[PDB]
Amino acid sequence: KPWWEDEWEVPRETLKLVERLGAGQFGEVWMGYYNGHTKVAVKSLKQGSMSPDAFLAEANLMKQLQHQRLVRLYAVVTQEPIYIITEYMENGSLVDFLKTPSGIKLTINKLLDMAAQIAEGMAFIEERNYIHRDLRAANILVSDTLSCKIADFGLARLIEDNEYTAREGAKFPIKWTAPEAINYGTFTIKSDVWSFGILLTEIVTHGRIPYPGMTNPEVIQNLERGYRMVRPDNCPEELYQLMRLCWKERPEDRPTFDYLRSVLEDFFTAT
Ligand SMILES: CCc1cc(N2CCC[C@@H]2CO)n2nc(Nc3cc(OC)cc(OC)c3)c(C(N)=O)c2n1
């Protein structure tokens with residue numbers, strides 16, 4: 001649909017950017033207000049830093065992935081500077097929130113709760129034949145009621161034929177990315193499952209960096225030996241054994257997100 005017909009199109013005049021939350025190579029991230037009252041998040045593109053089409057590709061994908069557990073597209077402004085406007089999450093990044101005073105006092109119960117909400121979200125993505133590719137605590141957002149939602153769909157893809165394959169020079173965070181995506185550039189929902197495993201260690205260690213004290217090459221070397229991440233401090237053995245299912249050698253042996261959700265819910269109501 002052209003912008004004069006796209007229901008997600010708004011006049012720039014509806015938006016007032018109030019506080020800049022982030023600034024990077026490709027633009028900024030602002031807290032704003034839509035029509036005076038509705039708090040939103042505004043992602044702006046820095047002209048020339050990258051292609052508008054590439055920039056807008058994220059919003060188009062979000063128009064297809066709507067669910068309570070995924071950050072919602074609020075609107076676009078398709079003339080320079082391009083704006084993407086999304087649901088505003090009051091507590092920000094999960095990796096950050098876990099490190100605040102409020103985050104620090106969270107019981108293992110509530111942590112398992114949040115882990116179940118993330119999985120519930122990825123389960124929806126799972127059924128829709130999508131993948132995320134960038135699943136990690138940095139890309140989970142928390143609300144003012146302490147709920148969690150998947151975010152940043154820049155790399156998310158639709159899987160018609162059951163596999164998406166990237167290019168040669170394409171590089172990804174080694175600690176969070178499954179071996180098959182690192183080695184062959186092949187991604188599936190099972191690749192996400194592996195990331196979800198890493199993400200679980202982020203949750204239980206209040207946002208600590210995975211594979212404590214190991215360089216990327218040490219991590220690859222260890223994984224190939226059959227080793228997995230060492231038991232994090234204060235990690236329920238049940239959770240650790242769940243992480244391990246996520247880290248199974250063969251993608252098809254790794255559990256579904258629906259299984260992961262239901263298991264995390266038993267864990268949560270049990271404590
Ligand atoms: C659309 C993608 C994106 C990126 C992003 N970013 C980008 C940089 C920092 C934050 C995630 O690390 N934040 N930060 C947010 N909230 C936020 C950020 C804070 O950081 C100053 C502090 C907060 O609590 C006072 C809340 C939100 C959001 N959608 O509400 C957000 N969204």
# chains A, B, ... in the order shown; residues from 1 in each chain; ligands from 1

$ select_by_dssp --residues "range 150-186 of chain A" --states "alpha helix (DSSP H)" --output "compact mmCIF listing (two decimals) with C-alpha atoms, in the first residue's frame"
# COMPACT_ATOMS: atom_id res chain seq x y z
CA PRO A 179 27.06 -23.25 15.46
CA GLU A 180 25.22 -23.97 12.19
CA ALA A 181 24.46 -20.29 11.62
CA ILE A 182 28.03 -19.30 12.50
CA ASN A 183 29.57 -22.00 10.30
CA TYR A 184 27.19 -22.32 7.33

$ residues_around --residues "range 256-261 of chain A" --least-positions-apart "3" --cutoff "12 Å" --atoms "only C-alpha atoms" --output "ChimeraX atom specification"
/A:112-127,131,188-197,200,239,241-246,251-253,264-268

$ select_by_dssp --residues "range 66-159 of chain A" --states "strand (DSSP E or B)" --output "NGL selection string"
:A and (70 or 73-77 or 83-87 or 92-93 or 130-131 or 140-142 or 148-150 or 157-158)

$ residues_around --residues "residue 224 in chain A" --least-positions-apart "4" --cutoff "12 Å" --atoms "only C-alpha atoms" --output "ChimeraX atom specification"
/A:178-180,183,217-220,228-229,247-249

$ write_last_selection --atoms "C-alpha atoms" --output "compact mmCIF listing (two decimals), in the first residue's frame"
# COMPACT_ATOMS: atom_id res chain seq x y z
CA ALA A 178 24.13 -21.39 17.08
CA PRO A 179 27.06 -23.25 15.46
CA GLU A 180 25.22 -23.97 12.19
CA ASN A 183 29.57 -22.00 10.30
CA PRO A 217 37.70 -18.71 19.87
CA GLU A 218 37.72 -20.46 23.26
CA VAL A 219 33.92 -20.71 23.05
CA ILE A 220 34.00 -22.28 19.57
CA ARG A 228 28.57 -26.32 26.88
CA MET A 229 28.52 -23.20 29.03
CA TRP A 247 22.16 -26.43 23.14
CA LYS A 248 21.77 -29.90 21.61
CA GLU A 249 24.15 -30.69 18.75

$ residues_around --residues "residue 137 in chain A" --least-positions-apart "5" --cutoff "9 Å" --atoms "only C-alpha atoms" --output "PyMOL selection string"
chain A and resi 93-96+199-200+202-203+207

$ write_last_selection --atoms "C-alpha atoms" --output "PDB file, in the first residue's frame"
ATOM      1  CA  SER A  93      16.129  -3.338  27.849  1.00  0.00           C
ATOM      2  CA  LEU A  94      15.994  -6.566  29.888  1.00  0.00           C
ATOM      3  CA  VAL A  95      19.785  -6.742  30.023  1.00  0.00           C
ATOM      4  CA  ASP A  96      19.724  -3.292  31.641  1.00  0.00           C
ATOM      5  CA  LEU A 199      19.396 -15.710  26.902  1.00  0.00           C
ATOM      6  CA  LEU A 200      18.386 -17.869  29.872  1.00  0.00           C
ATOM      7  CA  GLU A 202      21.538 -13.740  30.933  1.00  0.00           C
ATOM      8  CA  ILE A 203      18.310 -13.883  32.970  1.00  0.00           C
ATOM      9  CA  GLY A 207      22.581  -9.796  32.592  1.00  0.00           C
TER      10      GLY A 207
END

$ residues_around --residues "residue 152 in chain A" --least-positions-apart "4" --cutoff "10 Å" --atoms "only C-alpha atoms" --output "VMD selection string"
chain A and resid 58 to 59 62 70 to 71 132 134 to 135 138 to 141 156

$ closest_atom_pairs --of "chain A" --to "ligand 1" --cutoff "10 Å" --atoms "only C-alpha atoms and all ligand atoms" --output "tab-separated table"
residue	atom	partner	partner_atom_place_in_ligand_line	distance
A:19	CA	ligand 1	21 (C)	9.0
A:20	CA	ligand 1	21 (C)	7.8
A:21	CA	ligand 1	21 (C)	4.5
A:22	CA	ligand 1	8 (C)	4.2
A:23	CA	ligand 1	8 (C)	7.2
A:24	CA	ligand 1	8 (C)	8.6
A:28	CA	ligand 1	7 (C)	8.1
A:29	CA	ligand 1	7 (C)	6.0
A:30	CA	ligand 1	31 (C)	7.9
A:31	CA	ligand 1	30 (O)	7.1
A:32	CA	ligand 1	30 (O)	9.8
A:39	CA	ligand 1	30 (O)	9.1
A:40	CA	ligand 1	30 (O)	7.4
A:41	CA	ligand 1	29 (N)	5.2
A:42	CA	ligand 1	1 (C)	6.9
A:43	CA	ligand 1	1 (C)	6.0
A:44	CA	ligand 1	1 (C)	9.7
A:71	CA	ligand 1	29 (N)	7.8
A:72	CA	ligand 1	29 (N)	9.5
A:73	CA	ligand 1	1 (C)	9.7
A:84	CA	ligand 1	1 (C)	8.3
A:85	CA	ligand 1	1 (C)	7.9
A:86	CA	ligand 1	1 (C)	6.5
A:87	CA	ligand 1	29 (N)	6.1
A:88	CA	ligand 1	30 (O)	3.9
A:89	CA	ligand 1	30 (O)	3.4
A:90	CA	ligand 1	26 (C)	5.2
A:91	CA	ligand 1	24 (O)	4.8
A:92	CA	ligand 1	16 (N)	3.5
A:93	CA	ligand 1	11 (C)	4.6
A:94	CA	ligand 1	11 (C)	8.2
A:95	CA	ligand 1	12 (O)	7.7
A:96	CA	ligand 1	12 (O)	6.8
A:97	CA	ligand 1	24 (O)	8.0
A:100	CA	ligand 1	24 (O)	9.9
A:137	CA	ligand 1	12 (O)	9.7
A:138	CA	ligand 1	12 (O)	6.3
A:139	CA	ligand 1	11 (C)	7.7
A:140	CA	ligand 1	11 (C)	8.9
A:141	CA	ligand 1	29 (N)	6.9
A:142	CA	ligand 1	30 (O)	8.0
A:143	CA	ligand 1	30 (O)	8.0
A:144	CA	ligand 1	24 (O)	9.6
A:149	CA	ligand 1	29 (N)	9.9
A:151	CA	ligand 1	2 (C)	7.0
A:152	CA	ligand 1	2 (C)	6.3
A:153	CA	ligand 1	2 (C)	9.7

$ write_last_selection --atoms "N, CA and C atoms" --output "compact mmCIF listing (two decimals), in the first residue's frame"
# COMPACT_ATOMS: atom_id res chain seq x y z
N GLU A 19 12.65 12.90 24.74
CA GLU A 19 13.92 12.50 25.33
C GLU A 19 14.65 11.49 24.45
N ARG A 20 15.90 11.79 24.11
CA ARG A 20 16.70 10.87 23.30
C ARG A 20 17.24 9.73 24.16
N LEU A 21 16.88 8.50 23.80
CA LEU A 21 17.28 7.32 24.56
C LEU A 21 18.56 6.69 24.03
N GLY A 22 18.81 6.88 22.74
CA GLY A 22 19.96 6.28 22.08
C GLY A 22 20.37 7.00 20.81
N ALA A 23 21.66 6.93 20.49
CA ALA A 23 22.19 7.51 19.27
C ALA A 23 23.32 6.64 18.76
N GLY A 24 23.19 6.20 17.52
CA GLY A 24 24.18 5.33 16.90
C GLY A 24 24.49 5.75 15.48
N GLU A 28 18.77 7.65 15.63
CA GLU A 28 18.50 7.84 17.05
C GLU A 28 17.25 7.11 17.53
N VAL A 29 17.11 7.00 18.85
CA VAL A 29 15.92 6.42 19.46
C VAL A 29 15.39 7.36 20.54
N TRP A 30 14.14 7.80 20.37
CA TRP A 30 13.56 8.81 21.24
C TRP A 30 12.31 8.31 21.97
N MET A 31 12.10 8.81 23.18
CA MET A 31 10.79 8.73 23.81
C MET A 31 9.99 9.90 23.27
N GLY A 32 8.75 9.64 22.87
CA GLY A 32 7.94 10.70 22.30
C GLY A 32 6.51 10.66 22.78
N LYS A 39 2.24 7.91 24.96
CA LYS A 39 3.69 7.71 24.98
C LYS A 39 4.12 6.65 23.97
N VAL A 40 5.09 7.00 23.12
CA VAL A 40 5.61 6.07 22.11
C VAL A 40 7.13 6.12 22.04
N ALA A 41 7.70 5.20 21.27
CA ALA A 41 9.14 5.20 21.03
C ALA A 41 9.39 5.52 19.57
N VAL A 42 10.25 6.50 19.31
CA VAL A 42 10.52 6.90 17.93
C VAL A 42 11.95 6.59 17.51
N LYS A 43 12.07 5.72 16.51
CA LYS A 43 13.36 5.39 15.92
C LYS A 43 13.51 6.18 14.63
N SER A 44 14.55 7.01 14.55
CA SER A 44 14.77 7.86 13.39
C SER A 44 15.99 7.40 12.61
N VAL A 71 6.73 -6.46 20.68
CA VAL A 71 6.63 -5.00 20.60
C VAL A 71 5.85 -4.62 19.35
N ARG A 72 4.88 -3.71 19.52
CA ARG A 72 3.93 -3.38 18.46
C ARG A 72 4.30 -2.16 17.61
N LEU A 73 4.09 -2.28 16.30
CA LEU A 73 4.25 -1.15 15.40
C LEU A 73 3.11 -0.16 15.62
N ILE A 84 10.26 5.37 12.43
CA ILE A 84 9.51 4.19 12.83
C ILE A 84 9.04 4.38 14.27
N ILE A 85 7.74 4.28 14.49
CA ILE A 85 7.16 4.51 15.81
C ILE A 85 6.59 3.21 16.38
N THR A 86 7.06 2.82 17.56
CA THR A 86 6.67 1.54 18.14
C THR A 86 6.15 1.69 19.57
N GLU A 87 5.55 0.61 20.07
CA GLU A 87 5.09 0.50 21.46
C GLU A 87 6.22 0.89 22.40
N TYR A 88 5.90 1.67 23.42
CA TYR A 88 6.90 2.12 24.38
C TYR A 88 6.97 1.22 25.60
N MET A 89 8.17 0.76 25.92
CA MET A 89 8.38 -0.09 27.09
C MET A 89 9.10 0.68 28.20
N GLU A 90 8.41 0.88 29.32
CA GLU A 90 8.85 1.79 30.38
C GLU A 90 10.14 1.37 31.08
N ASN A 91 10.39 0.06 31.14
CA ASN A 91 11.58 -0.43 31.84
C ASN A 91 12.76 -0.74 30.93
N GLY A 92 12.56 -0.55 29.63
CA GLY A 92 13.65 -0.60 28.66
C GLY A 92 14.17 -1.99 28.37
N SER A 93 15.47 -2.08 28.16
CA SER A 93 16.13 -3.34 27.85
C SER A 93 16.18 -4.27 29.06
N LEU A 94 15.95 -5.56 28.82
CA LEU A 94 15.99 -6.57 29.89
C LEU A 94 17.40 -6.67 30.47
N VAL A 95 18.40 -6.67 29.59
CA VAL A 95 19.79 -6.74 30.02
C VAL A 95 20.11 -5.61 30.99
N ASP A 96 19.51 -4.44 30.76
CA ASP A 96 19.72 -3.29 31.64
C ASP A 96 18.90 -3.39 32.92
N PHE A 97 17.60 -3.66 32.77
CA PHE A 97 16.67 -3.68 33.90
C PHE A 97 17.05 -4.67 35.00
N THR A 100 19.32 -2.98 37.51
CA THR A 100 18.85 -1.88 38.35
C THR A 100 18.54 -2.42 39.75
N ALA A 137 19.03 -10.92 25.56
CA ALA A 137 18.42 -10.05 26.57
C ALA A 137 18.40 -8.59 26.13
N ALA A 138 19.42 -8.19 25.38
CA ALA A 138 19.50 -6.83 24.87
C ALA A 138 18.28 -6.49 24.00
N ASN A 139 17.71 -7.52 23.37
CA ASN A 139 16.56 -7.36 22.48
C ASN A 139 15.23 -7.84 23.07
N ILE A 140 15.16 -7.90 24.40
CA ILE A 140 13.90 -8.14 25.09
C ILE A 140 13.57 -6.88 25.88
N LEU A 141 12.34 -6.39 25.76
CA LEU A 141 11.95 -5.16 26.44
C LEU A 141 10.95 -5.42 27.57
N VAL A 142 11.07 -4.64 28.64
CA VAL A 142 10.25 -4.83 29.82
C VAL A 142 9.27 -3.66 29.98
N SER A 143 8.08 -3.95 30.50
CA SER A 143 7.06 -2.94 30.70
C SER A 143 7.02 -2.45 32.14
N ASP A 144 6.22 -1.41 32.37
CA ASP A 144 6.03 -0.84 33.70
C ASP A 144 5.33 -1.81 34.66
N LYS A 149 8.57 -8.44 26.21
CA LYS A 149 8.16 -8.53 24.81
C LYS A 149 9.36 -8.59 23.88
N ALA A 151 11.66 -7.82 20.68
CA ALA A 151 11.87 -6.56 19.97
C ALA A 151 12.99 -6.67 18.94
N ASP A 152 13.17 -5.60 18.17
CA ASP A 152 14.18 -5.53 17.11
C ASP A 152 14.07 -6.67 16.10
N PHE A 153 13.27 -6.45 15.06
CA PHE A 153 13.04 -7.45 14.03
C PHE A 153 13.81 -7.13 12.75
